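One chain comes next, on its own, written out as structure tokens in the form deposited in one PDB entry.
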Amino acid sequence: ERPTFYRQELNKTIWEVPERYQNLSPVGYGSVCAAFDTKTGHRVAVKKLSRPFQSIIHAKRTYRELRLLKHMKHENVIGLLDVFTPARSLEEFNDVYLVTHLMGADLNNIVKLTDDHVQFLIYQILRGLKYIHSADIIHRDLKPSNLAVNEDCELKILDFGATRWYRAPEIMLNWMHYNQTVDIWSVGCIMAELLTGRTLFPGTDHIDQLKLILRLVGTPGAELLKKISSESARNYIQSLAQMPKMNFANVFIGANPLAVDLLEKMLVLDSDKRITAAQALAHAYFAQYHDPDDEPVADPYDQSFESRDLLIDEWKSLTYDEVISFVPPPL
């Protein structure tokens, strides 16, 4: 049947939740409350989406995030525990509440890591990425604050929705060729940081960010230069590669040589040549955790809504239907 809801005001916001969610306490992320889930005995996070149907773009953003979260059924990716609305009908349908595990510990919050803990943490990012990538989805904003890590170094990829530090150079140069390996660049930047204890490319702006990248990875080779249409774009990328060249051996002095080999395959300017998540999992660096029988891919994900231009009401109707058809994961 439909649960009993109860109403309170917090941080001058009206919350209306099923009575199984008790002891709501605001945290930090927009409108988010820690809550005790009386059904399981476990603490969860309840998020009330802000102005979910305000515009076409918010409405599609609401739909997008619900469709994505409902799809994610993987150890190393945030899962959706519950979604609800107070509305008894599409007529009254206005607010959308998502329930997740309580994270409140990101990759920075947890780092001074041994080689073994870098292996396990980068292993879990790549296992999660393999999954997300297999369903034709790109994170685009992988960075330490978007990685939940509990006491036992267990890692989930999520998106709380400085980015430029972990951002692939092709995106900041506005190159044509984009692929899922923009996420691998990011993983390379995260791994480098876990090894050295400092941001690899702490640019103050996108031009500084690119100059710092090119100092390490080098000016484009003949092969890459071949794929760039514009003389002014080929001049400019060569323009930004004038800081005295650096070498990977020196930057990662004292790292496991296998880590350094894997970094050199991730931090490749030519995204056509960048190692994929599935290939990185098979690299010797992860021999202690790699199991080809336990690195699963995602079920097919229907992205055919991403290309659509629809009215607010259509986005809201599709969203309502996804709330109603939601089936909780097992206890």
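For the two forms, the rigid core is made up of the largest set of C-alpha atoms that agree within 1.5 Å on superposition. So that there is no doubt, residue numbering starts at 1 and follows the sequence shown.
Absent from the display: the form deposited with a small molecule bound. The rest refers to it.
- At a distance threshold of 4.5 angstroms between non-hydrogen atoms, residue 204 is out of contact with the small molecule in the deposited bound form.
- Heavy atoms of residue 246 reach within 4.5 Å of the small molecule in the deposited bound form, making it an interface residue.
- Taking the partner from elsewhere, residue 196 is found to have a heavy atom lying within 4.5 Å of the small molecule in the deposited bound form.
- Proximity to the small molecule in the deposited bound form holds for none of 125, 277 and 281, with the criterion being a heavy atom within 4.5 Å.
- Considering 90, 138, 207, 243, one residue stands apart with a C-alpha shift of at least 2 Å between this form and the one not shown following superposition on the core, and it is 243.
- With the core held fixed, residue 225 shows a CA shift of 2 Å or greater between this form and the one not shown.
- Relative to the superposed rigid core, residue 234 undergoes a CA displacement of at least 2 Å between this form and the one not shown.
- In contrast to the form presented, in the deposited bound form the C-alpha positions of residue 243 and residue 270 draw closer by 3 Å or more.
- In the deposited bound form, the Cα-Cα separation between residue 139 and residue 229 shrinks by 3 Å or more relative to the displayed conformation.
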